[PDB]
Amino acid sequence: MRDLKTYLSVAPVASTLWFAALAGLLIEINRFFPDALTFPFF
Amino acid sequence: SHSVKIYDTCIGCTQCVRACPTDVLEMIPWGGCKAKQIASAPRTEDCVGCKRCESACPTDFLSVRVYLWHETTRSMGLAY
Amino acid sequence: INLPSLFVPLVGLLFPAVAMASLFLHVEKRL
Amino acid sequence: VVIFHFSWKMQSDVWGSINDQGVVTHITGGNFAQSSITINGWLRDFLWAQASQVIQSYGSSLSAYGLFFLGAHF
Amino acid sequence: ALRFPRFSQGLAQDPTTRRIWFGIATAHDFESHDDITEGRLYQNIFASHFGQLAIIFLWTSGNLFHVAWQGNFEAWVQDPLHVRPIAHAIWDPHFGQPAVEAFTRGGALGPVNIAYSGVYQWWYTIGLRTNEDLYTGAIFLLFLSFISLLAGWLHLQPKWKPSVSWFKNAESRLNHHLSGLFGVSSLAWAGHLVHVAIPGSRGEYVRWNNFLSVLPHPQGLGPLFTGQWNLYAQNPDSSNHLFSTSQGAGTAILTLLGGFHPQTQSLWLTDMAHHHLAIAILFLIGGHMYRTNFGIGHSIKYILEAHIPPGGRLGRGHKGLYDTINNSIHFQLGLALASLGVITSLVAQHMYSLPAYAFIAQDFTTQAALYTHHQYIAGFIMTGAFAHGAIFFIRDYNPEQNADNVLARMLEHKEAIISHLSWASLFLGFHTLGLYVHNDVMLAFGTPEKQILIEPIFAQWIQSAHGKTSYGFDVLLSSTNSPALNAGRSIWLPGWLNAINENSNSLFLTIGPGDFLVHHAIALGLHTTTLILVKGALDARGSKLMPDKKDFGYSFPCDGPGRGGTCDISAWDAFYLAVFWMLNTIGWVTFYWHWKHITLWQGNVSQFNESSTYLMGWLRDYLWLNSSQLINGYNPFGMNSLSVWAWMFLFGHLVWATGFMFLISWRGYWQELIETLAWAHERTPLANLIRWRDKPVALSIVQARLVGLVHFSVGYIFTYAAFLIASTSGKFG
Amino acid sequence: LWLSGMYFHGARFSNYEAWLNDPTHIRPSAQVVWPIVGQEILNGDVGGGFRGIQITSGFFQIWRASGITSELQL
Amino acid sequence: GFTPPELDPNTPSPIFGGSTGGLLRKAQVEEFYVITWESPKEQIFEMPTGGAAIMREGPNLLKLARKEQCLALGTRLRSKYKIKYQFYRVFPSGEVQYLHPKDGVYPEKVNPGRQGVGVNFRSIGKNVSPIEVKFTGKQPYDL
Ligand code: CLA
Ligand code: CLA
Ligand code: CLA
Ligand code: CLA
Ligand code: CLA
Ligand SMILES: CCCCCCCCCCCCCCCC(=O)OC[C@H](COP(=O)(O)OC[C@@H](O)CO)OC(=O)CCCCCCCCCCCCCCC
Ligand SMILES: CC1=C(/C=C/C(C)=C/C=C/C(C)=C/C=C/C=C(C)/C=C/C=C(C)/C=C/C2=C(C)CCCC2(C)C)C(C)(C)CCC1
Ligand code: SF4
Ligand code: SF4
Ligand SMILES: [Ca+2]
């Protein structure tokens, strides 16, 4: 179980998870604020 | 015939002589190292220039060096 | 009497012929 | 070369549309017999003439192929 | 010796075919020949220069003779806009009858070639009118070729060969080359323009048999000495003038107008005469700087040694560079090639925007051909300028004699130079390719309004500062009361503002997002080619992976597979890699130029402005769209005069691809194959009665790289030339 | 697992039944895309009241030669 | 000081079927090589040119076309088998030349009757720059 926690922190798995989460975040941002060319706030 | 030179940083490990495929190199007695040994290159008219000796030397930088020079029949490795 | 009718052939056919036999005989000659 | 030969030959002399009267119109006009024998006919009548579909797919549902064409060249 | 080649004894004792190959490719590297001195090297180079001069004169002799003999000039002078100039005749016995009919144009009586060098416009502009002028010139060039050869011979015997320290007198040579070679020549050219060509474009035919009896100005040489030069510009050609006629002709010989000639869309002749006179004056005065036999002037070495900033930020400054430059020929050659390359692409950029020749701006194919020719030659010259820097660093550089000056300091922080070049080129590549791909995706999904289209507001501002009024910036020369527009309004500003604000010339074309993106691609190319060449130069004396590289020469295959492997580690190999990037960069540049101009010549500028912002646009609307006529040059239904280009197009595609072989396959495979073949031959009957004299061997490693690269770039040039000429000549518009 | 995916996509995101009704007019399609950044343009009119990506693996032909007539079997 | 052996012809050769990898014209006009060894018994071994041969019990004498062939065969014979070998270079004149091992000992073992050839007494980082040897035919490593 500890060995599993180590394995999950090996480079390919760590990067896979990091980028899947990042992808979900950017996807949802663009689903909420679509077609942005400028910063329309201030 | 290529040129092969031995420099005084040699530690006399003999790894270069074991590697030569044409028997160019040789060990000779010395007094400048713990092994009392040094490499020499008495038969450079048979050297094909493979640098198999340089891949084997452990010193930094190298103690055996191969300078490619004028080509002959033996140097090119021609069987015809 | 047509001028290219003579120069195009010999510069195209015989000049390289003589020059190639020339340079072959020269380059394979041991002095 | 094998797949280019098969693709041009099938369109030129096999595939096409037939009419009720029974006159077969092939996808390409049947130009394999006379244009395949030179290299210029392969460059002109096969590559240049049939790449039109993929270089005109931007804006349609075939635009993914137009993107992959260029990505694969890259 | 006792064999070819004589200069190398090591190659002459080579019993394989290598001996021949390398014999040819080492013939002009004089420093590597057996028993070479300093005097022999210098004298060889001097005679070689003379040989090259003879070559150039014989080539231009050939062009003149051939258009005077098989040419079209006389009919072309009568109507420059409605006749195609002939280059020479075709005699080819493999021709069939339809091709014979197809190539017979321009009014000739048989198959011919149309010229695209632009020599009819140039010779017409400077004065030559009938075939006897061209014959005259050709004979004179033959004479000068022979004289060049004679001098080359004369300066190789004893009794006439100069010493090494004659060749090392730098102040002398610079005085003479500045005031003599550049100033006197420009003065005599101003003379030819004032005496022959300015009259030639006003109806009169001044020649050798009458020129001592024709005034160039109404009051010859009066004004010059009384001081009032202004009288020479008192009556210019009116702006309704017809070039080779008297209708609308003036009398001025020197002016400063700025605009173009209205009829020919070309520079005024009086402007060019006045320009050459002005710069000849500048050169003559400036050629009196350095010191010689007369006890005044400057010592270059003293100027170099006195330029060291206190505070020691440049170390020992320039102390000792006179002898580093004076003693190294590769240093001097690198400098020469760098300066010449920059001014070659300056020639390219100025000859299309400010055409000098009459009726050349209306011949589109010659414009495109000249631009591409000069840009590609400039790129090659740049790669050579950088290669001889690495050769200099290996061969002639002396560390102890340059201790702590600017050069050794360059060597001392090579990591900081390479790292920042690397950062710059990474940044440009990432963002340029990223924006292009963004735009392509946006248009594949049908949303061209979602594009990222940055506007080049700085180049638009600089164009406003020159007097363009398309972006409403109202800055210098585009404002109303600024001293810049105020101080020049009388002399050149009328003509300049009239030309720059016209939109059918190429003087400061309008720009938009597409221009921005392609300019950043050009910047990426320049930065990456510089990175490769600079790294190759600064690492040629040794690096960490091979600290003794200087003991191996400029070019060598590798250091074997030890230490991880050392393929392509010489500085020659950095040059070889950089040639690819040079070709790619000049490709981007010339593609940009040709697409912009071909859409402008068709009145369809919006086509470029809309399709240039995504790469599918370039592929479909430029490459694919403009290829139809070329590839239809011959087809199952016949051939037309584009046939020769349709053929050449394919030649270039073939040669190029053959270059891939030598570049992807390497030596061992081929050597084993050849051993097999040698067995086969020696064993077969009636054919083993024949014996080769050199043992056949595969090519060398460096040799294979060179041969591959040569095929690659030959294919490159040939395919692009065929397409460019056929797609402009087919539309002729 | 790859076969499982093919059959599930034929069963769930496909126009196989309508194609079964009129094979020479409906062009087969067993992949649809989400509307995220305008990419829904890739969901093209493949006929039969359906919008997606036309497939070329020839799976409908196999499923018809097999006797499969409902999505429950897939 | 170690007289070298003589070449004893009439020494038999291994049992081979022939192959297209053997001698060629270079052995007729330029040179070829000859290796000899001991072979306690008859055994099979891989020819350094083609397939497999059978070495005979007693002395063995092979003719090859390159020094590298002889030395690769000798390395195989000396490590995988425990066999002593010597090889020679024969000219078209009919002149032999004992080649290896030169002074009776194998070169990876230091023998007290050897001189130094090609030894520089300094590190490799202390060679002069090429500018120091320009126009004179030496090389920077020559020293
Ligand atoms: C470098 C300049 C140059 C070039 C590129 C050409 C090119 C050409 N010439 Mg031309 N020629 C030239 C100079 C040149 N010529 C000069 C100065 C003269 C005398 C005024 C002639 C007289 C001439 C005639 C009479 C004919 C040609 C013909 C031809 C064409 C057929 C090919 C041929 O037969 O070769 C050229 C054949 C010759 C006899 C030329 C001989 C004279 C030159 C000076 C030879 C130079 C060789 C030199 C030793 C090597 C220089 C090194 C470098 C060029 C590689 C060809 C396009 C033929 C043609 O019109 O085809 C339709 C034709 O019959 N030429
Ligand atoms: C289309 C072909 C191509 C491309 C794209 C490149 C690209 C590059 N070359 Mg190169 N080169 C090429 C052909 C090419 N070369 C050829 C034929 C030769 C002759 C052998 C050379 C020889 C050469 C040399 C000698 C050098 C370069 C250098 C460079 C780098 C320059 C820096 C830069 O522009 O930043 C980046 C630009 C890019 C275009 C990178 C594009 C890739 C992006 C990052 C894709 C992103 C991945 C994405 C997330 C999806 C990944 C998919 C997944 C499955 C992994 C760059 C990566 C120089 C260098 O290293 O600079 C430091 C250098 O020294 N090239
Ligand atoms: C006034 C005296 C004088 C003059 C006129 C020259 C002239 C020349 N010398 Mg010399 N020299 C001199 C004194 C002089 N030298 C002295 C005193 C010394 C001893 C210190 C030397 C030592 C010396 C050496 C060692 C060498 C020369 C060389 C040369 C030649 C250079 C190559 C060349 O022709 O390119 C032509 C250059 C120009 C025409 C000017 C440059 C033009 C620029 C780059 C651009 C032109 C712009 C314009 C748009 C072009 C129009 C294009 C259109 C027509 C198509 C040249 C003819 C070289 C040589 O002789 O080769 C055999 C060389 O090796 N000189
Ligand atoms: C005034 C310009 C100039 C001069 C005087 C020199 C002079 C010299 N260069 Mg240099 N160089 C230059 C410009 C110049 N270069 C440029 C512009 C480049 C960039 C391309 C280079 C790049 C360069 C490199 C990388 C090297 C030199 C080398 C040398 C030295 C020996 C060259 C030699 O004889 O090898 C022999 C000459 C050849 C092998 C040329 C034959 C092969 C060519 C490339 C094929 C031509 C293409 C084809 C035939 C034409 C098309 C085919 C047809 C279908 C149309 C020599 C001192 C070499 C050297 O020895 O180091 C000092 C060296 O390695 N140069
Ligand atoms: C278009 C590029 C190109 C071309 C033309 C070739 C051509 C060839 N390859 Mg190669 N190859 C290439 C790309 C190319 N390759 C690339 C990119 C790679 C890297 C993977 C390889 C890797 C490779 C390998 C590993 C091998 C070959 C082999 C061969 C040879 C095959 C034998 C043969 O067919 O003889 C016939 C020759 C031709 C078909 C060429 C065209 C013939 C022309 C049209 C005849 C014209 C003659 C003309 C009149 C000459 C006179 C002109 C005068 C001015 C002198 C052949 C010469 C194989 C080989 O050597 O076989 C023994 C070999 O094993 N190639
Ligand atoms: C219009 C004619 C074009 C040629 C003009 C150039 C010649 C004028 C300058 C030459 C200086 C000679 C220097 C001494 C050089 C000299 O004469 O030394 C004689 C030479 C002996 O060589 P060396 O022992 O002197 O070698 C020392 C070298 O380092 C000197 O380069 O013997 C030969 O002649 C070999 C002949 C091979 C010929 C190969 C054929 C090459 C074909 C092309 C040759 C040029 C033609 C170009 C046309 C495209
Ligand atoms: C490696 C090496 C080498 C080589 C180098 C090179 C090749 C360099 C280059 C470079 C380059 C290629 C450069 C360029 C440049 C440029 C510049 C520097 C410029 C400028 C200018 C200006 C500043 C301008 C101004 C103006 C005017 C006048 C008016 C109008 C406006 C303006 C502003 C535009 C040598 C041999 C030396 C040495 C060894 C090492
Ligand atoms: S390069 Fe090869 S043949 Fe030459 S001495 Fe070294 S190991 Fe022996
Ligand atoms: S490998 Fe290097 S250190 Fe060892 S004996 Fe050979 S030369 Fe000396
Ligand atoms: Ca304008």
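Values below: every heavy atom of this structure, side chains too, minus hydrogens, waters and symmetry copies. In the text below, chain A, chain B and the rest are named by the order of the sequence lines, each starting its count at 1.
Around CH2 of E/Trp588, the count of heavy atoms belonging to other residues, nucleotides or ligands within 6.0 Å exceeds 12. Atom CZ of E/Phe637 has 12 or fewer neighbouring heavy atoms from other residues, nucleotides or ligands inside a 6.0 Å radius. Atom CH2 of E/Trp59 is surrounded by 12 or fewer heavy atoms from other residues, nucleotides or ligands within 6.0 Å. Environment of CZ in E/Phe95: crowded, with over 12 heavy atoms of neighbouring residues, nucleotides or ligands closer than 6.0 Å. Other residues, nucleotides and ligands place more than 12 heavy atoms under 6.0 Å from the CG atom of C/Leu10. Around the CD atom of E/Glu610, the shell of radius 6.0 Å holds no more than 12 heavy atoms that belong to other residues, nucleotides or ligands. Heavy atoms from other residues, nucleotides or ligands lying under 6.0 Å from CZ of E/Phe140 number 12 at most. Atom CG of E/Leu109 is surrounded by 12 or fewer heavy atoms from other residues, nucleotides or ligands within 6.0 Å.
E/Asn604 places no side-chain N or O within 3.5 Å of a backbone atom of E/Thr599 that could act as its donor or acceptor partner. Of the possible donor and acceptor atoms, none in the side chain of E/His275 sits under 3.5 Å from a partner among the backbone N and O of E/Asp271. Using a distance-only test at 3.5 Å, with no hydrogens or angles considered, no donor-acceptor pair links the side chain of E/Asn210 to the main chain of E/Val206. Using a distance-only test at 3.5 Å, with no hydrogens or angles considered, a donor-acceptor pair links the side chain of E/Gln70 to the main chain of E/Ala89. A distance-only check finds no donor-acceptor pair linking the side chain of E/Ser148 to the backbone of E/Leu144 [under 3.5 Å]. Side-chain atoms of D/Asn40 do not come within 3.5 Å of backbone N or O of E/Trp647 as any donor-acceptor pair. At least one donor-acceptor pair under 3.5 Å links the side chain of E/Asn72 to the backbone N or O of E/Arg84. Of the possible donor and acceptor atoms, one in the side chain of E/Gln263 sits under 3.5 Å from a partner among the backbone N and O of E/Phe243. Not a single donor-acceptor pair under 3.5 Å links the side chain of E/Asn640 to the backbone N or O of E/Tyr634. The backbone N or O of D/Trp48 lies less than 3.5 Å from a partner atom in the side chain of E/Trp624, making a donor-acceptor pair.
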**Request:** Given side chain to side chain contact (heavy atoms under 4.5 Å, CB included), test E/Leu583 with E/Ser713 step by step and report yes or no.
**Result:** CA-CA 8 Å; E/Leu583 280 187; E/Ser713 35; 3.6 Å; yes
**Item:** Evaluation steps, side chain to side chain contact (heavy atoms under 4.5 Å, CB included), between E/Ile343 and E/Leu340
**Value:** CA-CA 5 Å; E/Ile343 69 135; E/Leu340 181 62; 4.1 Å; yes
**Message:** Quick one, E/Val119 with E/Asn63, criterion side chain to side chain contact (heavy atoms under 4.5 Å, CB included). Give me CA distance, side-chain angles, the key distance, then yes/no.
**Reply:** CA-CA 9 Å; E/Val119 295; E/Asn63 294 318; 5.7 Å; no
**Message:** As a quick check of understanding, evaluate side chain to side chain contact (heavy atoms under 4.5 Å, CB included) for E/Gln607 and E/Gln602, giving each step before the final call.
**Reply:** CA-CA 10 Å; E/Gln607 162 89 304; E/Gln602 278 165 189; over 6 Å; no
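Interatomic distance, CG of E/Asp363 versus OG1 of E/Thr728, reported as 10.0 Å (0.5 Å rounding). The distance from atom CG of E/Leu257 to atom OG1 of E/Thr270, rounded to the nearest 0.5 Å, is 5.5 Å. Atom CG of E/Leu269 and atom CG of E/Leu193 lie 6.5 Å apart (nearest 0.5 Å). The structure places OG of E/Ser61 at 5.0 Å from CG of E/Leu142, a figure rounded to the nearest 0.5 Å. Rounded to the nearest 0.5 Å, atoms CD1 (E/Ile598) and CG (E/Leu724) are 8.0 Å apart. Note that the OH atom of E/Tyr120 and the CH2 atom of E/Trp76 stand 9.0 Å from one another [nearest 0.5 Å].
A heavy-atom distance below 4.5 Å is found between the side chains of D/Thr28 and D/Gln50. When side chains are defined from C-beta on, E/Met639 counts as touching E/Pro98, because their heavy atoms get closer than 4.5 Å. Within the 4.5 Å cutoff, side-chain heavy atoms of E/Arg105 are placed close to those of E/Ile114.
Between E/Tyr124 and E/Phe73, the distance from one ring center to the other does not fall under 6.0 angstrom. Here the two rings, on E/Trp656 and E/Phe712, have centers that are under 6.0 Å apart. Between E/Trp595 and E/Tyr592, the distance separating the two ring centers is not shorter than 6.0 angstrom. Taking the six-membered ring where the residue is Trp, the centroids of E/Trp618 and E/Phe591 are separated by 6.0 Å or more. Ring centroid separation for the pair E/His466 and E/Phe508 comes in under the 6.0 Å cut-off. Close placement of the E/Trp189 and E/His192 rings is indicated, their centers lying within 6.0 Å of each other.
Using a 3.5 Å distance cut-off with no hydrogens or angles, the side chains of E/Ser612 and E/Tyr622 do not pair a donor with an acceptor. Side chains of E/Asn626 and E/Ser727: a donor-acceptor N/O pair is absent below 3.5 angstrom, by distance only. Defined by atom type and a distance below 3.5 Å, a donor-acceptor pair is present between the side-chain atoms of E/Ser506 and E/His597. Between the side chains of E/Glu74 and E/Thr130, at least one donor N or O sits under 3.5 Å from an acceptor N or O. A donor-acceptor contact closer than 3.5 angstrom links the side chains of E/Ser238 and E/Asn240.
Across E/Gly733 and E/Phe364, no two heavy atoms sit closer than the pair CA-CD1, 3.5 Å. Closest non-hydrogen pair, E/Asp237 versus E/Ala249, comes out as OD1-CA, 3.2 Å. Considering every non-hydrogen atom in both D/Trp42 and D/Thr38, the closest pair reads CD1-O, 3.2 Å. Taking each heavy atom of E/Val77 and E/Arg129 in turn, the nearest pair found is CG2-O, 3.8 Å. E/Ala358 and E/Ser266 get closest at one heavy-atom pair: N-OG, 3.9 Å. Among all heavy-atom pairs drawn from E/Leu134 and E/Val67, the shortest one is CD1-CG2, 4.1 Å.
Applying the salt bridge (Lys or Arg N to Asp or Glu O under 4.0 Å) criterion to E/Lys468, with sequence neighbours excluded, gives no partner residue.
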What pairs of donor and acceptor atoms, side-chain ones from residues 347-355 of chain E against any protein atom, are under 3.5 angstrom apart with sequence neighbours left out?
from	atom 1	to	atom 2	distance (Å)
E/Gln349	OE1	E/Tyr371	OH	3.3

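Screening E/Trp645, E/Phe649, E/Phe718 for a side chain to side chain contact (heavy atoms under 4.5 Å, CB included) involving E/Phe723 leaves a single residue, E/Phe649.
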